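K.L.:
Hey, dropping final.txt in here, compact mmCIF, C-alpha atoms and all ligand atoms:
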```
# COMPACT_ATOMS: atom_id res chain seq x y z
CA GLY A 617 -9.24 -20.83 -15.77
CA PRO A 618 -6.15 -19.52 -14.00
CA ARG A 619 -5.81 -21.10 -10.53
CA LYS A 620 -3.71 -20.45 -7.39
CA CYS A 621 -1.45 -23.17 -5.97
CA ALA A 622 -2.44 -25.55 -3.25
CA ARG A 623 0.96 -25.46 -1.55
CA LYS A 624 4.12 -23.37 -1.36
CA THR A 625 7.17 -25.52 -2.30
CA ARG A 626 10.51 -23.52 -1.82
CA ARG B 543 -15.61 -17.30 52.68
CA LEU B 544 -13.58 -20.49 53.37
CA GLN B 545 -16.21 -22.53 51.53
CA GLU B 546 -15.90 -20.11 48.60
CA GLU B 547 -12.13 -20.87 48.55
CA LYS B 548 -12.90 -24.62 48.50
CA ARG B 549 -15.30 -24.03 45.54
CA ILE B 550 -12.63 -21.94 43.77
CA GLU B 551 -9.79 -24.50 44.04
CA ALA B 552 -12.23 -27.31 43.21
CA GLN B 553 -13.85 -25.83 40.09
CA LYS B 554 -10.36 -24.96 38.83
CA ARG B 555 -9.30 -28.61 39.01
CA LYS B 556 -12.25 -29.56 36.76
CA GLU B 557 -11.04 -26.99 34.24
CA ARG B 558 -7.55 -28.46 34.61
CA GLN B 559 -8.97 -31.95 34.16
CA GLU B 560 -11.27 -30.84 31.32
CA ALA B 561 -8.67 -28.78 29.38
CA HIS B 562 -7.94 -31.77 27.15
CA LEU B 563 -11.56 -31.31 25.85
CA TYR B 564 -10.97 -27.63 25.12
CA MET B 565 -8.79 -25.84 22.63
CA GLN B 566 -7.82 -22.16 22.52
CA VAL B 567 -8.55 -20.10 19.41
CA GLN B 568 -6.65 -16.89 18.89
CA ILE B 569 -8.35 -14.30 16.74
CA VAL B 570 -6.29 -11.52 15.16
CA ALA B 571 -7.76 -8.43 13.53
CA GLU B 572 -6.39 -6.37 10.73
CA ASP B 573 -5.62 -3.44 13.08
CA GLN B 574 -2.91 -5.71 14.47
CA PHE B 575 -1.12 -5.73 11.11
CA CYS B 576 -0.75 -1.95 11.10
CA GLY B 577 2.75 -0.48 11.47
CA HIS B 578 4.35 -3.90 11.79
CA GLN B 579 7.85 -3.68 10.31
CA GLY B 580 8.91 -7.35 10.04
CA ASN B 581 8.14 -10.11 7.53
CA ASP B 582 4.60 -11.65 7.21
CA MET B 583 1.70 -10.00 9.02
CA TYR B 584 2.54 -9.41 12.63
CA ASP B 585 5.03 -10.20 15.34
CA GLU B 586 3.95 -13.23 17.35
CA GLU B 587 5.44 -11.56 20.43
CA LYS B 588 3.86 -8.11 20.05
CA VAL B 589 0.45 -9.29 18.70
CA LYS B 590 -2.75 -8.92 20.72
CA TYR B 591 -5.42 -11.59 20.17
CA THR B 592 -9.02 -12.05 21.17
CA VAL B 593 -8.78 -15.52 22.74
CA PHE B 594 -11.57 -18.12 22.93
CA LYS B 595 -11.67 -21.28 25.09
CA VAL B 596 -13.59 -23.61 22.72
CA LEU B 597 -14.74 -27.25 22.76
CA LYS B 598 -12.61 -29.49 20.57
CA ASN B 599 -15.52 -31.33 18.94
CA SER B 600 -17.85 -28.27 18.56
CA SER B 601 -18.99 -27.19 15.07
CA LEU B 602 -17.75 -24.30 12.98
CA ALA B 603 -21.19 -22.79 12.51
CA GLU B 604 -21.35 -22.61 16.32
CA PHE B 605 -18.07 -20.71 16.62
CA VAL B 606 -19.01 -18.43 13.76
CA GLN B 607 -22.27 -17.64 15.52
CA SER B 608 -20.71 -17.17 18.96
CA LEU B 609 -17.98 -14.95 17.57
CA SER B 610 -20.43 -12.65 15.76
CA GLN B 611 -22.09 -12.03 19.11
CA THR B 612 -18.95 -11.55 21.31
CA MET B 613 -17.22 -9.14 18.93
CA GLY B 614 -20.38 -7.57 17.54
CA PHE B 615 -20.69 -8.24 13.82
CA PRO B 616 -23.31 -9.76 11.52
CA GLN B 617 -22.59 -13.40 10.64
CA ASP B 618 -22.61 -12.68 6.87
CA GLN B 619 -20.29 -9.67 7.39
CA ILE B 620 -17.24 -11.65 8.65
CA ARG B 621 -14.82 -14.16 7.11
CA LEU B 622 -12.22 -16.40 8.72
CA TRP B 623 -8.69 -16.92 7.43
CA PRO B 624 -6.94 -19.57 9.46
CA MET B 625 -3.29 -18.84 10.08
CA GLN B 626 -0.97 -21.45 8.48
CA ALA B 627 2.62 -22.26 9.38
CA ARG B 628 4.17 -23.05 6.02
CA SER B 629 7.17 -25.28 5.18
CA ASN B 630 9.18 -22.10 4.33
CA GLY B 631 9.04 -20.48 7.74
CA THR B 632 6.28 -18.06 7.07
CA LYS B 633 2.84 -17.80 8.62
CA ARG B 634 0.17 -16.52 6.36
CA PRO B 635 -3.61 -16.45 6.23
CA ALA B 636 -4.90 -19.42 4.33
CA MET B 637 -8.27 -20.15 2.99
CA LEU B 638 -10.88 -22.21 4.59
CA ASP B 639 -13.58 -24.10 2.73
CA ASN B 640 -17.03 -23.37 4.19
CA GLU B 641 -18.91 -25.72 1.77
CA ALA B 642 -16.77 -28.91 1.76
CA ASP B 643 -15.47 -28.02 5.27
CA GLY B 644 -19.03 -27.27 6.64
CA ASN B 645 -19.87 -30.48 8.57
CA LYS B 646 -16.50 -30.94 10.33
CA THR B 647 -15.42 -30.31 13.99
CA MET B 648 -13.20 -27.51 15.21
CA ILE B 649 -10.20 -29.48 16.36
CA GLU B 650 -9.96 -31.25 13.05
CA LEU B 651 -10.17 -27.94 11.18
CA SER B 652 -7.13 -26.75 13.06
CA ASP B 653 -5.43 -29.98 11.87
CA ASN B 654 -4.92 -30.80 15.56
CA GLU B 655 -3.20 -27.45 16.04
CA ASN B 656 -3.78 -25.69 19.35
CA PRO B 657 -3.72 -22.86 19.91
CA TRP B 658 -5.25 -22.18 16.49
CA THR B 659 -4.72 -18.65 15.14
CA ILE B 660 -7.22 -17.05 12.77
CA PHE B 661 -7.39 -13.82 10.81
CA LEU B 662 -10.69 -12.04 11.17
CA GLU B 663 -11.76 -10.06 8.18
CA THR B 664 -14.66 -7.83 8.98
CA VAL B 665 -16.04 -4.80 7.21
CA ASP B 666 -14.97 -1.56 8.84
CA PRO B 667 -17.98 -0.83 11.13
CA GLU B 668 -17.61 2.85 10.09
CA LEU B 669 -17.82 2.02 6.34
CA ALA B 670 -20.46 -0.66 7.25
CA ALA B 671 -22.92 2.02 8.37
CA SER B 672 -22.50 3.69 4.90
CA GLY B 673 -24.11 0.80 2.96
CA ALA B 674 -20.91 -1.33 2.55
CA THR B 675 -20.61 -5.15 2.92
CA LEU B 676 -18.06 -7.95 2.87
CA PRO B 677 -17.55 -8.99 -0.78
CA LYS B 678 -18.02 -12.46 -2.35
CA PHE B 679 -14.91 -14.51 -2.99
CA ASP B 680 -14.87 -17.01 -5.79
CA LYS B 681 -12.51 -19.42 -4.09
CA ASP B 682 -11.52 -20.74 -7.51
CA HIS B 683 -11.16 -17.51 -9.53
CA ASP B 684 -10.43 -14.73 -7.02
CA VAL B 685 -7.33 -14.32 -4.84
CA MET B 686 -6.71 -12.36 -1.67
CA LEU B 687 -3.53 -10.36 -1.61
CA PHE B 688 -1.89 -8.07 0.99
CA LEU B 689 -0.19 -4.80 0.23
CA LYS B 690 2.78 -3.22 1.89
CA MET B 691 4.39 0.06 1.04
CA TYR B 692 8.05 0.74 1.69
CA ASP B 693 9.37 4.25 2.25
CA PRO B 694 13.14 4.43 1.61
CA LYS B 695 13.24 7.89 3.22
CA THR B 696 11.98 6.60 6.57
CA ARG B 697 13.24 3.03 6.00
CA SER B 698 9.89 1.66 7.17
CA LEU B 699 7.01 -0.58 6.14
CA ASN B 700 3.50 0.83 6.02
CA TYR B 701 0.71 -1.73 5.85
CA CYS B 702 -1.77 -1.03 2.99
CA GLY B 703 -4.38 -3.62 3.77
CA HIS B 704 -5.49 -6.54 1.65
CA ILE B 705 -7.40 -6.70 -1.64
CA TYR B 706 -9.59 -9.31 -3.18
CA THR B 707 -9.08 -9.52 -6.97
CA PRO B 708 -9.57 -12.10 -9.74
CA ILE B 709 -6.66 -14.36 -10.47
CA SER B 710 -6.86 -13.48 -14.16
CA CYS B 711 -6.18 -9.81 -13.42
CA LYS B 712 -3.00 -8.07 -14.68
CA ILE B 713 -0.63 -6.49 -12.15
CA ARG B 714 -0.84 -3.20 -14.11
CA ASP B 715 -4.53 -2.92 -13.07
CA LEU B 716 -3.70 -3.01 -9.34
CA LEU B 717 -1.21 -0.11 -9.49
CA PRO B 718 -3.86 2.56 -9.03
CA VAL B 719 -5.12 0.91 -5.86
CA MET B 720 -1.56 0.66 -4.52
CA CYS B 721 -0.89 4.28 -5.29
CA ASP B 722 -4.17 5.28 -3.65
CA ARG B 723 -3.73 3.23 -0.47
CA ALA B 724 -0.18 4.54 -0.03
CA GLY B 725 -1.55 8.01 -0.69
CA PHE B 726 0.28 8.69 -3.89
CA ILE B 727 -0.88 10.55 -6.97
CA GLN B 728 -2.42 8.35 -9.66
CA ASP B 729 -0.03 7.10 -12.38
CA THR B 730 2.87 7.27 -9.91
CA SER B 731 5.80 5.17 -11.11
CA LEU B 732 6.13 2.12 -8.74
CA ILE B 733 8.42 -0.85 -8.10
CA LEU B 734 6.80 -4.11 -6.97
CA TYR B 735 8.05 -7.22 -5.12
CA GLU B 736 6.71 -10.44 -3.68
CA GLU B 737 7.59 -10.95 -0.07
CA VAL B 738 8.11 -14.69 -0.34
CA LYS B 739 9.87 -15.54 2.87
CA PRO B 740 12.44 -13.94 5.09
CA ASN B 741 15.56 -12.88 3.09
CA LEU B 742 13.83 -13.68 -0.20
CA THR B 743 12.20 -10.78 -1.92
CA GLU B 744 11.77 -11.24 -5.65
CA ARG B 745 11.09 -8.26 -7.92
CA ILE B 746 8.07 -8.45 -10.20
CA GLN B 747 9.36 -7.74 -13.71
CA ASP B 748 6.46 -7.89 -16.10
CA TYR B 749 3.39 -6.07 -14.82
CA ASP B 750 1.35 -6.88 -17.97
CA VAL B 751 0.85 -10.52 -16.98
CA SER B 752 -1.78 -12.27 -14.92
CA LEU B 753 -1.24 -12.65 -11.14
CA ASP B 754 -1.15 -16.35 -11.66
CA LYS B 755 2.10 -15.95 -13.66
CA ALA B 756 3.42 -12.93 -11.70
CA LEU B 757 3.93 -14.51 -8.22
CA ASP B 758 5.76 -17.84 -8.21
CA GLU B 759 3.30 -20.06 -6.40
CA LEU B 760 0.32 -17.72 -6.25
CA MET B 761 -1.83 -18.22 -3.25
CA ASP B 762 -4.05 -16.37 -0.89
CA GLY B 763 -2.15 -14.27 1.64
CA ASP B 764 0.64 -13.59 -0.78
CA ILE B 765 2.17 -10.20 -0.11
CA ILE B 766 3.14 -7.59 -2.61
CA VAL B 767 5.50 -4.93 -1.40
CA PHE B 768 5.76 -1.77 -3.39
CA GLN B 769 7.46 1.56 -3.39
CA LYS B 770 8.07 4.68 -5.41
CA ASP B 771 10.26 4.40 -8.49
CA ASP B 772 12.18 7.57 -7.66
CA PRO B 773 15.79 8.79 -7.85
CA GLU B 774 15.61 9.89 -4.18
CA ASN B 775 15.75 6.21 -3.15
CA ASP B 776 19.51 6.14 -3.99
CA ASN B 777 20.03 8.62 -1.12
CA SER B 778 18.53 6.18 1.40
CA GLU B 779 20.18 3.28 3.22
CA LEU B 780 17.85 0.57 1.98
CA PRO B 781 16.13 1.41 -1.35
CA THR B 782 14.40 -2.00 -1.81
CA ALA B 783 12.23 -4.17 0.30
CA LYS B 784 14.70 -6.86 -0.86
CA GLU B 785 17.46 -5.02 1.01
CA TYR B 786 15.23 -4.28 3.96
CA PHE B 787 14.38 -7.93 4.60
CA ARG B 788 18.12 -8.69 4.35
CA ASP B 789 19.17 -6.07 6.87
CA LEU B 790 16.31 -7.49 8.97
CA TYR B 791 17.31 -11.14 8.43
CA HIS B 792 20.95 -10.22 9.18
CA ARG B 793 20.06 -7.81 11.95
CA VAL B 794 21.94 -8.74 15.11
CA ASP B 795 22.58 -6.95 18.40
CA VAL B 796 26.20 -6.41 19.55
CA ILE B 797 27.53 -5.01 22.86
CA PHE B 798 30.67 -2.92 22.81
CA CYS B 799 32.99 -2.49 25.78
CA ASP B 800 36.00 -0.30 26.42
CA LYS B 801 39.00 -2.53 26.98
CA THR B 802 40.61 0.33 28.92
CA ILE B 803 37.60 0.64 31.23
CA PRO B 804 37.60 -2.40 33.55
CA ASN B 805 34.14 -4.00 33.95
CA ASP B 806 32.61 -1.51 31.48
CA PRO B 807 28.97 -2.47 30.92
CA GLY B 808 29.11 -0.62 27.60
CA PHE B 809 26.42 -0.15 25.01
CA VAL B 810 24.45 -2.34 22.63
CA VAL B 811 24.39 -1.57 18.91
CA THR B 812 22.03 -3.15 16.40
CA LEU B 813 24.12 -4.22 13.38
CA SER B 814 24.06 -6.44 10.26
CA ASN B 815 26.04 -9.78 10.00
CA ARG B 816 27.11 -8.93 6.46
CA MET B 817 28.82 -5.66 7.45
CA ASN B 818 32.51 -5.12 6.78
CA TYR B 819 35.07 -3.42 9.05
CA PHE B 820 34.10 -0.03 7.59
CA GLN B 821 30.36 -0.43 8.18
CA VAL B 822 30.90 -1.62 11.76
CA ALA B 823 33.48 1.08 12.46
CA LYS B 824 31.33 3.81 11.00
CA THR B 825 28.28 2.70 12.98
CA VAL B 826 30.05 2.68 16.33
CA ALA B 827 31.88 5.97 15.64
CA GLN B 828 28.41 7.63 15.22
CA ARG B 829 27.44 6.22 18.62
CA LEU B 830 30.59 7.73 20.19
CA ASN B 831 30.53 11.06 18.32
CA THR B 832 34.07 10.16 17.25
CA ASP B 833 36.04 9.61 14.01
CA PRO B 834 36.01 5.91 13.13
CA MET B 835 39.82 6.27 12.55
CA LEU B 836 40.31 6.53 16.30
CA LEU B 837 38.70 3.18 17.03
CA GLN B 838 40.63 -0.05 17.49
CA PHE B 839 38.57 -3.22 17.68
CA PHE B 840 39.45 -6.64 19.08
CA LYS B 841 38.52 -10.14 17.88
CA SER B 842 36.90 -12.89 19.96
CA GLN B 843 39.08 -15.29 22.00
CA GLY B 844 36.58 -18.13 21.32
CA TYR B 845 36.73 -20.00 24.64
CA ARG B 846 37.80 -17.38 27.23
CA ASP B 847 36.01 -14.03 27.80
CA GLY B 848 37.85 -10.71 27.31
CA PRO B 849 39.37 -8.92 24.32
CA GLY B 850 41.38 -10.98 21.86
CA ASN B 851 43.67 -10.07 18.99
CA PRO B 852 43.63 -6.45 17.83
CA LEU B 853 41.52 -6.13 14.69
CA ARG B 854 43.44 -4.47 11.81
CA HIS B 855 41.49 -2.01 9.71
CA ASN B 856 42.08 -3.82 6.45
CA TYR B 857 40.15 -6.83 7.82
CA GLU B 858 38.60 -8.32 4.71
CA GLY B 859 35.85 -9.99 6.77
CA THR B 860 32.26 -9.63 7.91
CA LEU B 861 30.73 -9.43 11.31
CA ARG B 862 29.25 -12.97 10.95
CA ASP B 863 32.83 -14.05 10.98
CA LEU B 864 33.71 -11.97 14.06
CA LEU B 865 30.82 -13.46 16.04
CA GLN B 866 31.10 -17.03 14.83
CA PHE B 867 32.38 -18.25 18.31
CA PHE B 868 29.41 -17.38 20.50
CA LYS B 869 27.04 -20.19 21.51
CA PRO B 870 23.35 -19.44 20.81
CA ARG B 871 22.71 -18.47 24.47
CA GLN B 872 25.95 -16.42 24.83
CA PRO B 873 25.42 -12.66 24.60
CA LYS B 874 27.26 -11.06 21.66
CA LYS B 875 29.98 -8.65 22.72
CA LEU B 876 33.02 -7.02 21.15
CA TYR B 877 35.81 -5.06 22.74
CA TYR B 878 37.25 -1.76 21.53
CA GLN B 879 39.51 1.02 22.69
CA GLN B 880 39.90 4.59 21.46
CA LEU B 881 43.12 5.98 20.02
CA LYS B 882 44.76 9.37 20.29
CA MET B 883 45.05 12.69 18.35
CL CL C 901 18.99 2.58 8.57
CL CL C 902 25.61 5.31 25.24
```
What do you get writing this file as structure tokens?

P.N.:
Amino acid sequence: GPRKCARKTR
Amino acid sequence: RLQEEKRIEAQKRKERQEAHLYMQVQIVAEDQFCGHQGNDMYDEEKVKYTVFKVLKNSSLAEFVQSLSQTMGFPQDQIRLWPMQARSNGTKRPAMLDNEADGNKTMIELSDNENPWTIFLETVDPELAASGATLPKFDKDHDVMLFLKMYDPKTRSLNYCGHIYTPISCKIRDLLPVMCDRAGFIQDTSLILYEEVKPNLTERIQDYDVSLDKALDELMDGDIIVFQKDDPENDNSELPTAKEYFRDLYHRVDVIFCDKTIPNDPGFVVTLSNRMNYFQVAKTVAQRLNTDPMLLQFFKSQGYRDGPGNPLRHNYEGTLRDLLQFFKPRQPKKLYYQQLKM
């Protein structure tokens, strides 16, 4: 399905 | 009594010599997030934790158990969200994996971090009496968000708690809840943002999309900030969260001293680095109950202390520029004198 990210990358 | 002072100094050396076996664990409760005005959840300086001296190699299940007894909550009616320091200079609650992370030690769960800070989600003990419980959380399909309301009138942030919701959900479906929590009428016209990091506050444009798509890098502990979509906002000083977090990022405290008054200890003013002459003049004139047109300001000398060149009123610059020659330590001061009528 639709997932969340593992890691923020900004 | 002298023996008892030899037992006190002695036992405290064991604890000094055993401290390498122990880690601290700082628990923070949602009450702590209330009325916070800055980015993320709370101010590290003003926060109040429930600390725990805990064995580095102890198990999670043990802590969980202990906790439930110290604080006074059922073990199935509390969830732990370890605080994470991200790359991008934010600290948010992150998930933790009970199943796969079940048979590991504490210290390793902190990723060798110590102290280790953890968000404690518990059911309100008031609502808990009334048949309520802590909901299930499909790690894979649900997400935990946090809601913040911004009032342009008051120029303040008002915490509106967190929600669990499925990733697949549209943003349009979470508007009611936002309205409610903020205490607005249903079908109130809102404006939404993601608090991403300090200074960065992206507007959410399409509500009719899934949360997945709507927040760039969706994750648990993402923060939506919302407000009224009202004309009255134009009246205010900071209509958007976006602007708020800027004023906040660029907030800086400046002391102002009368040149004509030798050794004047003067007054602090809290200002924004991206102000122009006009905005700095107008601020200080309000603090002196005087027309800004009667204020002459003076630039920094750089090396020496004391007023420098007299600042013309067509100065095309910003305060950042005025302050640029103050070492980090150095307190930030600017000299002025009043003119005549
Ligand atoms: Cl203001
Ligand atoms: Cl004063």

K.L.:
Compile the contact shell of residue 660 (chain B) as JSON, numbers by chain: residues with an atom at most 6 Å away, counting all atoms listed in the file, same-chain residues fewer than 4 positions apart removed.

P.N.:
{"B": [569, 623, 624, 625]}

K.L.:
Please check which protein, DNA or RNA residues sit within 12 Å of ligand CL 901 (chain C), counting only C-alpha atoms and all ligand atoms, and write them as a list in words.

P.N.:
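If we count only C-alpha atoms and all ligand atoms, the neighbours of ligand CL 901 (chain C) turn out to be residues 693, 694, 695, 696, 697, 698, 777, 778, 779, 780, 781, 785, 786, 789, 790, 793, 812, 813, 814, 821 and 825 of chain B.
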
K.L.:
Give me the residues within 10 Å of residue 663 (chain B) as an MDAnalysis selection string, counting all atoms listed in the file and dropping any in the same chain fewer than 3 places off.

P.N.:
chainID B and resid 570:572 619:623 660 666 676 704

K.L.:
I'd like a table as JSON lines: residues in chain B with an atom no more than 9 Å from ligand CL 902 (chain C), each row giving the shortest atom pair and its distance in Å to one decimal, only C-alpha atoms and all ligand atoms counted, sorted by chain and rising residue number.

P.N.:
```
{"residue": "B:808", "atom": "CA", "partner": "C:CL902", "partner_atom": "CL", "distance": 7.3}
{"residue": "B:809", "atom": "CA", "partner": "C:CL902", "partner_atom": "CL", "distance": 5.5}
{"residue": "B:810", "atom": "CA", "partner": "C:CL902", "partner_atom": "CL", "distance": 8.2}
{"residue": "B:829", "atom": "CA", "partner": "C:CL902", "partner_atom": "CL", "distance": 6.9}
{"residue": "B:830", "atom": "CA", "partner": "C:CL902", "partner_atom": "CL", "distance": 7.5}
```

K.L.:
Between CA of residue 700 (chain B) and CA of residue 826 (chain B), measure the distance and give it in Å to one decimal.

P.N.:
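We find that CA of residue 700 (chain B) and CA of residue 826 (chain B) lie 28.5 Å from each other.
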
K.L.:
For chain B against chain A, with a cut-off of 8 Å and counting only C-alpha atoms, what is the closest atom pair and its distance in Å to one decimal for every residue that makes the cut, ordered by chain and number, as a Markdown table?

P.N.:
```
| residue | atom | partner | partner_atom | distance |
| --- | --- | --- | --- | --- |
| B:628 | CA | A:624 | CA | 7.4 |
| B:629 | CA | A:624 | CA | 7.5 |
| B:630 | CA | A:626 | CA | 6.5 |
| B:682 | CA | A:619 | CA | 6.5 |
| B:683 | CA | A:619 | CA | 6.5 |
| B:685 | CA | A:620 | CA | 7.6 |
| B:709 | CA | A:618 | CA | 6.3 |
| B:710 | CA | A:618 | CA | 6.1 |
| B:754 | CA | A:618 | CA | 6.4 |
| B:759 | CA | A:621 | CA | 5.7 |
| B:760 | CA | A:620 | CA | 5.0 |
| B:761 | CA | A:620 | CA | 5.1 |
| B:762 | CA | A:620 | CA | 7.7 |
```

K.L.:
I want to know what sits within 12 Å of residue 845 (chain B), based on all atoms listed in the file, with residues of the same chain fewer than 3 positions away left out; could you give that as a ChimeraX atom specification?

P.N.:
/B:842,848-850,866-869,872

K.L.:
With a distance cut-off of 12 Å and only C-alpha atoms, select the neighbouring residues of residue 807 (chain B), excluding the residue or stretch itself and same-chain residues fewer than 2 positions from it, and output the selection as a list in words.

P.N.:
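Neighbouring residues, sequence-local ones excluded: residues 797, 798, 799, 800, 801, 803, 804, 805, 809, 810, 875, 876 and 877 of chain B.
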
K.L.:
Within 7 Å of region 588-598 of chain B, counting all atoms listed in the file, which residues show up once you throw out same-chain ones fewer than 4 positions away? Write them as a ChimeraX atom specification, please.

P.N.:
/B:563-570,574,584,648-649

K.L.:
Provide the CA of residue 742 (chain B) to CA of residue 730 (chain B) distance in Å, to one decimal place.

P.N.:
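Distance between the two atoms: 25.6 Å.
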
K.L.:
CA of residue 636 (chain B) and CA of residue 675 (chain B), how far apart in Å?

P.N.:
21.3 Å

K.L.:
Edge lengths and centre in Å to one decimal, as JSON, is what I'm after for the box along x, y and z that holds all listed atoms of region 618-625 of chain A once 4 Å is added on each side.

P.N.:
```
{"center_x": 0.5, "center_y": -22.5, "center_z": -7.7, "size_x": 21.3, "size_y": 14.0, "size_z": 20.6}
```

K.L.:
Give as an MDAnalysis selection string each residue that has an atom at most 10 Å from (-1.6, -5.2, -10.3) in the file, counting all atoms listed in the file.

P.N.:
chainID B and resid 707 711:720 734 749:753 756 766

K.L.:
Any chance you can output those residues with C-alpha atoms as a short mmCIF file (atom, residue, chain, number, x, y, z; two decimals), in the frame of the given file?

P.N.:
```cif
data_model
loop_
_atom_site.label_atom_id
_atom_site.label_comp_id
_atom_site.auth_asym_id
_atom_site.auth_seq_id
_atom_site.Cartn_x
_atom_site.Cartn_y
_atom_site.Cartn_z
CA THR B 707 -9.08 -9.52 -6.97
CA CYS B 711 -6.18 -9.81 -13.42
CA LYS B 712 -3.00 -8.07 -14.68
CA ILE B 713 -0.63 -6.49 -12.15
CA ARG B 714 -0.84 -3.20 -14.11
CA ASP B 715 -4.53 -2.92 -13.07
CA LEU B 716 -3.70 -3.01 -9.34
CA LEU B 717 -1.21 -0.11 -9.49
CA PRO B 718 -3.86 2.56 -9.03
CA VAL B 719 -5.12 0.91 -5.86
CA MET B 720 -1.56 0.66 -4.52
CA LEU B 734 6.80 -4.11 -6.97
CA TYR B 749 3.39 -6.07 -14.82
CA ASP B 750 1.35 -6.88 -17.97
CA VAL B 751 0.85 -10.52 -16.98
CA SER B 752 -1.78 -12.27 -14.92
CA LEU B 753 -1.24 -12.65 -11.14
CA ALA B 756 3.42 -12.93 -11.70
CA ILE B 766 3.14 -7.59 -2.61
#
```
